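# Structural overview
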Amino acid sequence: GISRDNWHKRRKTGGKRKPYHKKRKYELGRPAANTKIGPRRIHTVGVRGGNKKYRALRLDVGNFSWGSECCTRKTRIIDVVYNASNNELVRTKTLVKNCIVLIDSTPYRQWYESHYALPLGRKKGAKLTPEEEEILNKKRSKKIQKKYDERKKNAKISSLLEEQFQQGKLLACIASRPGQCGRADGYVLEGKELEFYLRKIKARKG
Amino acid sequence: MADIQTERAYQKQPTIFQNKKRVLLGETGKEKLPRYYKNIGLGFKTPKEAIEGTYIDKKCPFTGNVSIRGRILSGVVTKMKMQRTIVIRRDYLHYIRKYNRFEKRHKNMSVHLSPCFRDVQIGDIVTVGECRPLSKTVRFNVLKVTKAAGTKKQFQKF
Amino acid sequence: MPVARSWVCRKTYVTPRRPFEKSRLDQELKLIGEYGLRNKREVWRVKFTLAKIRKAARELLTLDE
Amino acid sequence: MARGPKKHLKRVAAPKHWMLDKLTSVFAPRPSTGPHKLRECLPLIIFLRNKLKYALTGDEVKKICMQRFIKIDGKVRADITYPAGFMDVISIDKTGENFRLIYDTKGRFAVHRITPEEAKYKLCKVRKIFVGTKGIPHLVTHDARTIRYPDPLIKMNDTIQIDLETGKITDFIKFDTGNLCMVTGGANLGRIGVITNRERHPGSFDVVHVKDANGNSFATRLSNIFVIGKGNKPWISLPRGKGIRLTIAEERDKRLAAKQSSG
RNA sequence: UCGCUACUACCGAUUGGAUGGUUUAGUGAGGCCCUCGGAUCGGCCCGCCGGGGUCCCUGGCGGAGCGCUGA
RNA sequence: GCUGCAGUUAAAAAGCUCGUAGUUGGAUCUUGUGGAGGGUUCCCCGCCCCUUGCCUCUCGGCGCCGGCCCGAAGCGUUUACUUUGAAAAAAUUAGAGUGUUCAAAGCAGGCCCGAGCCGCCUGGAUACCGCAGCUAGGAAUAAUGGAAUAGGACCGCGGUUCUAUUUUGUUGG
RNA sequence: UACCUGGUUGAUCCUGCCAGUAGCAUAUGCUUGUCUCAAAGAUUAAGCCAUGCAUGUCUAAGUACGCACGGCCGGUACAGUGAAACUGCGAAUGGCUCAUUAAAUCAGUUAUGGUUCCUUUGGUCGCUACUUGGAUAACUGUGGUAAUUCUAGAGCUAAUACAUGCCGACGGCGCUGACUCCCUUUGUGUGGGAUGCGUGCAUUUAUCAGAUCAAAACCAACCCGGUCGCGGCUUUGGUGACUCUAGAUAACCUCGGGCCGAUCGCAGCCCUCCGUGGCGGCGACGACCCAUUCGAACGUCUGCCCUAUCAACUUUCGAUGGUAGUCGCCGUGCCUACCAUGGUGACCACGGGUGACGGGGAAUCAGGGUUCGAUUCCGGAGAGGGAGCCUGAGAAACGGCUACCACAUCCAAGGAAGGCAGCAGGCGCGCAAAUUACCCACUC
Ligand SMILES: [Mg+2]
Ligand SMILES: [Mg+2]
Ligand SMILES: [Mg+2]
Ligand SMILES: [Mg+2]
Ligand SMILES: [Mg+2]
Ligand SMILES: [Mg+2]
Ligand SMILES: [Mg+2]
Ligand SMILES: [Mg+2]
Ligand SMILES: [Mg+2]
Ligand SMILES: [Mg+2]
Ligand SMILES: [Mg+2]
Ligand SMILES: [Mg+2]
Ligand SMILES: [Mg+2]
Ligand SMILES: [Mg+2]
Ligand SMILES: [Mg+2]
Ligand SMILES: [Mg+2]
Ligand SMILES: [Mg+2]
Ligand SMILES: [Mg+2]
Ligand SMILES: [Mg+2]
Ligand SMILES: [Mg+2]
Ligand SMILES: [Mg+2]
Ligand SMILES: [Mg+2]
Ligand SMILES: [Mg+2]
Ligand SMILES: [Mg+2]
Ligand SMILES: [Mg+2]
Ligand SMILES: [Mg+2]
Ligand SMILES: [Mg+2]
Ligand SMILES: [Mg+2]
Ligand SMILES: [Mg+2]
Ligand SMILES: [Mg+2]
Ligand SMILES: [Mg+2]
Ligand SMILES: [Mg+2]
Ligand SMILES: [Mg+2]
Ligand SMILES: [Mg+2]
Ligand SMILES: [Mg+2]
Ligand SMILES: [Mg+2]
Ligand SMILES: [Mg+2]
Ligand SMILES: [Mg+2]
Ligand SMILES: [Mg+2]
Ligand SMILES: [Mg+2]
Ligand SMILES: [Mg+2]
Ligand SMILES: [Mg+2]
Ligand SMILES: [Mg+2]
Ligand SMILES: [Mg+2]
Ligand SMILES: [Mg+2]
Ligand SMILES: [Mg+2]
Ligand SMILES: [Mg+2]
Ligand SMILES: [Mg+2]
Ligand SMILES: [Mg+2]
Ligand SMILES: [Mg+2]
Ligand SMILES: [Mg+2]
Ligand SMILES: [Mg+2]
Ligand SMILES: [Mg+2]
Ligand SMILES: [Mg+2]
Ligand SMILES: [Mg+2]
Ligand SMILES: [Mg+2]
Ligand SMILES: [Mg+2]
Ligand SMILES: [Mg+2]
Ligand SMILES: [Mg+2]
Ligand SMILES: [Mg+2]
Ligand SMILES: [Mg+2]
Ligand SMILES: [Mg+2]
Ligand SMILES: [Mg+2]
Ligand SMILES: [Mg+2]
Ligand SMILES: [Mg+2]
Ligand SMILES: [Mg+2]
Ligand SMILES: [Mg+2]
Ligand SMILES: [Mg+2]
Ligand SMILES: [Mg+2]
Ligand SMILES: [Mg+2]
Ligand SMILES: [Mg+2]
Ligand SMILES: [Mg+2]
């Protein structure tokens, strides 16, 4: 088949080598996964020594984490924006490791609100009134400062981050090979990586 | 030094995090980045430059992810044109036993030179150790530079 | 095929280099007559078993005491 | 071809210390997979017909073993090529005799009958130490045994005296300078002496010295030392001549004086 | 040097013949992967019969969407 | 033809010189006695300045009556060389033991009671295994190096700077 | 045993070779009484192959309604022997040959801290249940084709096949916080607290901690010796070296695509007691992960015959390196995208030849050497040539399958079938190589 043998290619000195044997099975190749976006489609392959291996095609959801707040929530995956190796994977939306994606960012909002009793990126004060303010202000008096002052001096979500929630889409980086674990996990961009990739996206495309 | 990202992807040391807490330092402060480094063993003192420096190399034996194990060798430098890696030479004497006489031979080796050592010159001696295959033809990382034989680097007021 | 056998064997004599040499033929014929042996080979056996002892003796005598 | 594991063993290629002949036939027993290495083992078939003469052909060994007579460390083994090895204690109930596999000083196993109040414990050499899940410390001996919850002072290269009905180590000798040792590899095979030294070359095969009861010293590798005694006092019983490895100029004299040409 | 008889290799019109290997250009059996496809075979939802219980649950026969769902 | 050939005339020294790799390279940088094994000076100890060359410690054992004394940790500027250890499949080779009826072979065999011993003794050694890699002594011979517009050692001092995390019980300023 | 002898001349002294001389291994000629060992289609043609045989397998312990045989009459789990057939395992070892192949293979030396591992050995086994589902083979019966270890339709029935899915024993703890209870309203100092979510191992991502160091001086709350401002204290394992091992937190989960027993055979017991509730032994089997074993795979240093009438080679058709990925059992231009312009050579690169498979070894041998090694031990490679893959722990397998090339067989001209460089045997080739025998008794 396709193969990952060393012996088919020439040595330091630039001289050829003549073939030493037929292609063995332990030099086996197999074709790319090319995970797209859509409703789940996970296949499995049998690899050397039993050992199922889950190839992923058409993924949709990812277990992304928020390092500063130690949160992590199963989140929908919205799109791919920047690929650091080849660019025609963002034109065809293939989802591989160290890609850069937009996710939905809603469960992080819910956690932040319910934990710090504060509002994140909002538009007005009309929508917050009919519901969900019954959670921000409570019956409590004991507790409502006994713990919520421990949640004060700490709710300082960075400006670069705060500007994102106003659209509801967050930049994230994959940290798992979907084509070998079936899952597409990762983390959400913080600190200086954020500035880096903001610059890079604004620079190349558009 | 502060600008080190030149590739199409962000360069950071793994096993290292950037917290986002306690914003009060005043008019300046910590660079906001600690350093990861480790020891090699066998009696090799990690260069202070590796600690204080600010660079990224997944293959540098003092900061990155490689283990030194097996043979230890040494050789004299003969070329440094490829980036982050150099070419060294080893001379030895084979023994033809029909005659009772030796014959001179040499062998070239590619090794990987972290940016920790910065002041190497053709002619320097270098002591290298064994790693996992880091490229097609590279199996050895530089562990310790030296110019300890004559025709030394600098004149005789050192 | 692999097989359960000893192939080990060896020769027990050595012919002389000068094939027609009178000082040799008359001495060996004397030794055949005086002990009643059958060929010359019955003498070359004894010559071999002595000349092989005399190699071990010599190589020992060239070791140090 | 070779595309998978082999399963025959040729008579010439077999180990030397089995002391096999040359002209019976092309094969040798090929010990089955077990706790002891293939070169260090002694299959059960070779112990019953080449040493104790109890059987005569392979089938007699098979029908001796099937009747459940032979016990290797208490358990009842029915596989005739089972790999017995150093510190294993064969027991033949139907006769009432016991044995201990120990190297004789020429570097081979020999029969060594022991008293039945001794064949209840065997020594093992520690090979690994690790902390399992939930924080439980483990142990691995030279014959693959795994002891859970060992004392927190037993370390690598030490020796431990176990029981054959429980495991559950009882005593342990610690490797350091001054204890007895038997050597189990290379040139010096089956010699005994106090350890007396240990040099340490980091990353390659630390070396160890020894010293017999007659001044003779002989280095070795640390991975070939096997402590068998606290000091000058071997715990387990010893074969005749006690690992002293006399030279051939002495072996000749004893052969001549004893005149051991008959009985 | 010329002339005789034997043998050995050389050049060469034929642009020799065959054989084998290279190789640009074009076609490309068959397996694997992927995106489809859907022959055909089932189960649960409505009657009559037999069992229980207060019309439902089972077993069977037949038929209506065959609806949905599985391979 | 390395041990080991030949080049005036027998086959054979480029017409002549220069020249990079290669091969080869001058001399020179420490000796006597008290005891020990071997003699009548000379060849494990310390003495003319040195003698495993020192250091400074620290944690753990070895001593004395706390105080002071000596083994270990650093290695000595690097190699080649030489010597010793380790580690290296068997068969084949050399080699030990053994009347196959002798030998080539083989790894066997040897003892006493008629059976009433319900047996006993013993073997299946050893040497070799170039080069390359590993390990510790020796320092002759051969490469190689130290301060010349200097920098070695004594806690000698001033200026200047980064910084370690201990104690003041802990936690924080 | 460190050896020479004939031959140019009319004769002599030399250089120098041709010839003699001894061993060895292939062929061949003449000759042949005994007895112990024992090589033998390698050389040419890795050319082609008639016939037969070389790989099968059942225990007390997966499935027994073949009446096939069967006994004391009964299957009332069901006796007992047991063909066949489903199921499991093995078929990847062994045997044969030497075409390929010159830093390749192979040898010694080392490394997996960069991976996989059927089996054996030892660990590990607790977050309708007195027992679930439908459907096949052998067997009965009807068939088609000239033909094959070809198979179709119908009627039955098993499981350790296939496929679902409980019970036990959770009394766990963390986060939540309606409340309420004292002293400070509050804040802050109190103790309980119902109500709720997560709460076994494994998989994937992210985070946290992973301690002790050499002493002092002032400020707030403060343990303790005890009072209305002082002396005194701190916590797995391992390595030369880990981004190791163990621990904590927040989540994630492979279904039809992880685990925690709907299986089988001998031997027994207690009943607030009369066969049910209960419990006691010994095994066979299967299974997650860890170790161990037999390996396998990739990698480091040094080591090769002849050739200059081979002096420069290598590269977007990856050549040397960097960054990120794809893929793979893991390391890696192994492969893709962008970037740099490198790597090798007179110490013989690169190209060519080898009647070249490498080594342990063999012949001759004063000392040094020369020549041989297809051949019983170890390593490699291949089943006419090239290519692709199924199944499996393990194969790029040919006593497996699919296709092209070259051969060749059967035919009713529609179709089907094949691989002796296994053992014998035959043709061919050549100077050149044995019987279509016997047997699992020995080694395995
Ligand atoms: Mg597995
Ligand atoms: Mg094979
Ligand atoms: Mg093959
Ligand atoms: Mg076996
Ligand atoms: Mg002519
Ligand atoms: Mg002619
Ligand atoms: Mg011509
Ligand atoms: Mg042509
Ligand atoms: Mg063509
Ligand atoms: Mg094509
Ligand atoms: Mg097709
Ligand atoms: Mg195709
Ligand atoms: Mg589909
Ligand atoms: Mg469909
Ligand atoms: Mg001459
Ligand atoms: Mg002349
Ligand atoms: Mg001349
Ligand atoms: Mg001249
Ligand atoms: Mg000189
Ligand atoms: Mg011999
Ligand atoms: Mg003999
Ligand atoms: Mg050799
Ligand atoms: Mg050597
Ligand atoms: Mg030395
Ligand atoms: Mg100065
Ligand atoms: Mg003449
Ligand atoms: Mg004449
Ligand atoms: Mg001649
Ligand atoms: Mg003759
Ligand atoms: Mg015979
Ligand atoms: Mg022969
Ligand atoms: Mg042939
Ligand atoms: Mg046939
Ligand atoms: Mg039966
Ligand atoms: Mg039955
Ligand atoms: Mg079957
Ligand atoms: Mg199988
Ligand atoms: Mg044959
Ligand atoms: Mg090949
Ligand atoms: Mg070549
Ligand atoms: Mg070639
Ligand atoms: Mg090599
Ligand atoms: Mg090897
Ligand atoms: Mg190798
Ligand atoms: Mg099995
Ligand atoms: Mg098990
Ligand atoms: Mg049917
Ligand atoms: Mg790269
Ligand atoms: Mg990579
Ligand atoms: Mg170039
Ligand atoms: Mg160049
Ligand atoms: Mg070449
Ligand atoms: Mg050869
Ligand atoms: Mg060939
Ligand atoms: Mg010789
Ligand atoms: Mg060979
Ligand atoms: Mg051949
Ligand atoms: Mg043959
Ligand atoms: Mg072979
Ligand atoms: Mg090997
Ligand atoms: Mg053929
Ligand atoms: Mg299998
Ligand atoms: Mg094939
Ligand atoms: Mg086969
Ligand atoms: Mg077939
Ligand atoms: Mg076919
Ligand atoms: Mg065949
Ligand atoms: Mg044949
Ligand atoms: Mg003929
Ligand atoms: Mg012949
Ligand atoms: Mg013939
Ligand atoms: Mg048999």
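The structure we're discussing is the one just above.
An account of the accompanying structure is given in this report.

## Thoughts on the layout of surface pockets
Residues and elements named next belong to chain A. Its boundaries defined by the atoms lining it, the largest pocket holds a volume of some 990 Å³. The set of elements that each furnish at least two residues to the lining of the largest pocket consists of α3 (159-165) and α5 (191-204). Ranked by residues supplied to the lining of the largest pocket, first place goes to α5 with five residues. Broken down by class, the residue content of the lining of the largest pocket amounts to 11 nonpolar, seven polar and 13 charged. Composition of the lining of the largest pocket by domain shows at least three residues from each of domain 2 (31-105 + 169-206) and domain 3 (106-168).

## A look at helix α1 (residues 106-116) of chain A
All names here are of chain A. Those residues of α1 lying buried are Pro 107, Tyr 108, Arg 109, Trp 111, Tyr 112, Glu 113 and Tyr 116. As for α1, its buried residues are in contact with β3 (61-66), β4 (71-83), β5 (99-103), α2 (133-136), α3 and β6 (170-174). In the segment just after α1, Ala 117 is the residue with positive phi, at about 50 degrees.

## Digging into the environment of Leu 120 of chain A
All names here are of chain A. Tracing the backbone shows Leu 120 in the loop between α1 and α2. You can call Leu 120 buried: its relative accessible area is 7%. Taking the C-alpha atoms as reference points, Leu 120 and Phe 64, 56 residues apart in sequence, are found 19 Å from one another. Discounting residues that sit within four places of it in the chain, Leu 120 has contacts with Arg 109, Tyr 112, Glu 113, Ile 157 and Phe 165.

## A look at a nonpolar patch on the surface
Together, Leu 93, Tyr 95 and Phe 102 of chain B make up an exposed nonpolar region whose accessible area comes to about 340 Å². As for its position among the elements, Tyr 95 of chain B is in strand β2 (residues 85-96).

## Comments concerning the packing of aromatic side chains
Any pair of aromatic rings gets described here by the distance separating the centres and the angle formed by the planes. Tallied over the full model, the rule gives 13 aromatic pairs over all chains. Ring centres of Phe 86 of chain D and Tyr 103 of chain D lie 5.3 Å apart, and the angle between their planes is 20 degrees; this geometry places the pair in the stacked category. Highlighted residues: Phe 86 of chain D in the loop between β6 (83-84) and β7 (90-92) and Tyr 103 of chain D in strand β9 (residues 102-104), separated in sequence by 17 residues. Across this residue pair, the class does not change: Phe 86 of chain D and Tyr 103 of chain D are buried. A network of ring pairs unites the aromatic residues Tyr 82, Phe 196 and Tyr 197 of chain A together with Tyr 10 of chain B as a single cluster. For the cation-ring pair, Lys 11 of chain C lies above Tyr 13 of chain C, with the distance from its terminal atom to the ring centre recorded as 3.6 Å. The ring of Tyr 121 of chain D carries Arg 100 of chain D above its face, with NZ or CZ at 5.6 Å from the centroid.

## Overview of the interface of chain A and chain B
In this assembly, 21 residues from chain A lie in contact with 14 residues from chain B. Three residues stand out in chain A for area buried against chain B, namely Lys 12, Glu 193 and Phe 196 of chain A, and they jointly supply 34% of the buried area on that side. Where chain A packs against chain B, one counts one salt bridge. Note that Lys 12 of chain B and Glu 193 of chain A form a salt bridge whose closest N and O atoms lie 3.5 Å from each other. Counting residues per element, the ones that place at least two in the side of chain A that touches chain B are β4 and α5 of chain A. Counting residues per element, the side of chain A that touches chain B draws most heavily on α5 of chain A, which supplies six residues. Of the residues assigned to the side of chain A that touches chain B, the class counts are five nonpolar, nine polar and seven charged.

## So, the protein's contact with RNA strand E
Residues and elements named next belong to chain A. As a structural note, the neighbourhood of RNA strand E is formed by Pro 31, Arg 41, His 43 and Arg 58. Side-chain polar atom of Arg 41 to a phosphate oxygen of RNA strand E: 3.3 Å apart, as the coordinates give it. With respect to RNA strand E, the side chain of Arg 58 contributes an N or O atom lying 2.7 Å from a phosphate oxygen. Taken together, the residues that form the surface near RNA strand E break down as one nonpolar, one polar and two charged.

## Structural notes on the side chain of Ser 91 of chain D
Residue and element names in this part refer to chain D. Inspection of the secondary structure assignment puts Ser 91 in strand β7. Side-chain polar atoms of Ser 91 contact the side chain of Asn 98, separated by 2.5 Å. The contacts of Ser 91, once residues within four sequence positions are left out, are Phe 69, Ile 70, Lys 71, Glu 97 and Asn 98.

## Comments concerning the sheet that holds β5 of chain A
Residues and elements named next belong to chain A. As summarised here, the arrangement of the five strands in space is β3-β4-β5-β6-β7, forming a closed barrel in which the pairing is mixed. Put simply, the sheet's adjacent strands are angled 50 degrees from each other on average, direction ignored. Relative to strand β7 (residues 186-188), β6 is paired through three bridges, and the arrangement is antiparallel. The residue bridging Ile 174 from the neighbouring strand is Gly 186, located in β7. Strands β3, β4, β5 and β6 of the sheet are contacted by α1, whose axis makes an angle of about 140 degrees with β4. This element, α5, spans β4, β5 and β6 of the sheet and lies at about 35 degrees to β4.

What counts, and where the lines are drawn
- In this document, every chain is numbered from 1 following its sequence as written, which may not correspond to the numbering used in the entry; residues for which no coordinates exist are not shown.
- Whichever chain is written first becomes A and whichever ligand is written first becomes 1, with later ones labelled in order.
- In this entry, the chains presented are a subset of a larger assembly, and the associated values cover only that subset.
- To get the side-chain values, take all heavy atoms of the structure and skip hydrogens and water.
- A pocket, in this scheme, is an open set of points on a 1 Å grid over the protein atoms alone with protein on both sides within 12 Å along at least 5 of 7 lines, while a cavity is a set where a 1.4 Å probe fits but cannot get out; residues line either one if an atom lies within 4 Å of a point.
- Grid points are joined across faces, edges and corners, and a volume is the space filled by probe spheres set on the points.
- Numbering goes from the N terminus for both helices and strands, where a helix is a DSSP run of H or I of at least four residues and a strand is a run of E of at least two.
- Residue polarity follows a fixed list, in which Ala, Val, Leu, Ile, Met, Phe, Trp, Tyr, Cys and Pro are nonpolar, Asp, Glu, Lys and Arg are charged, and the others, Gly among them, are polar.
- Each domain's limits were defined by an automated method or a database of domain assignments.
- When a residue's accessible area, from a 1.4 Å probe over protein chains only, is under 20% of the maximum for its type it is buried; when over 50% it is exposed; and in between it is partly exposed.
- Between two residues, a contact is recorded if the distance between any of their heavy atoms is within 4.5 Å.
- Residues form patches when they are more than 30% accessible in relative terms and have no salt bridge. Like charges link within 9 Å. Nonpolar side chains (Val, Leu, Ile, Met, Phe, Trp, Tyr) link within 5 Å.
- Methods summary: accessible areas were calculated by the Shrake-Rupley approach with a probe of 1.4 Å, and residue burial reflects only the protein chains presented.
- A pair is scored as a salt bridge if a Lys or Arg side-chain nitrogen falls within 4 Å of a carboxyl oxygen belonging to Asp or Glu.
- Each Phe, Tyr or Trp ring (for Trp, its six-membered ring) is paired with any other whose centre lies within 6.5 Å, and the angle between the two planes then decides the class: stacked below 30 degrees, edge-to-face above 60, tilted in between.
- In this analysis the charged atom, NZ for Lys or CZ for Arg, is taken to sit over a ring once it is within 6 Å of the ring centre and within 35 degrees of the ring normal.
- Buried area: the sum, over both parts, of the accessible surface (1.4 Å probe) that disappears when the two are put together.
- Each residue is tested against the molecule or strand, and it is near if at least one of its non-hydrogen atoms lies within 4 Å.
- Identification of polar contacts relies on pairs of N or O atoms within 3.5 Å, with a donor-acceptor requirement for protein atoms, meaning one able to donate a hydrogen and the other able to accept it, and with residues adjacent in sequence counted only if both atoms are side-chain atoms.
- Between any two strands, at least two bridges found by DSSP are needed for them to pair.
- Helix axes are fitted to C-alpha atoms over the stretch in contact, other axes to C-alpha atoms as well, and angles between N-to-C directions run from 0 to 180 degrees.

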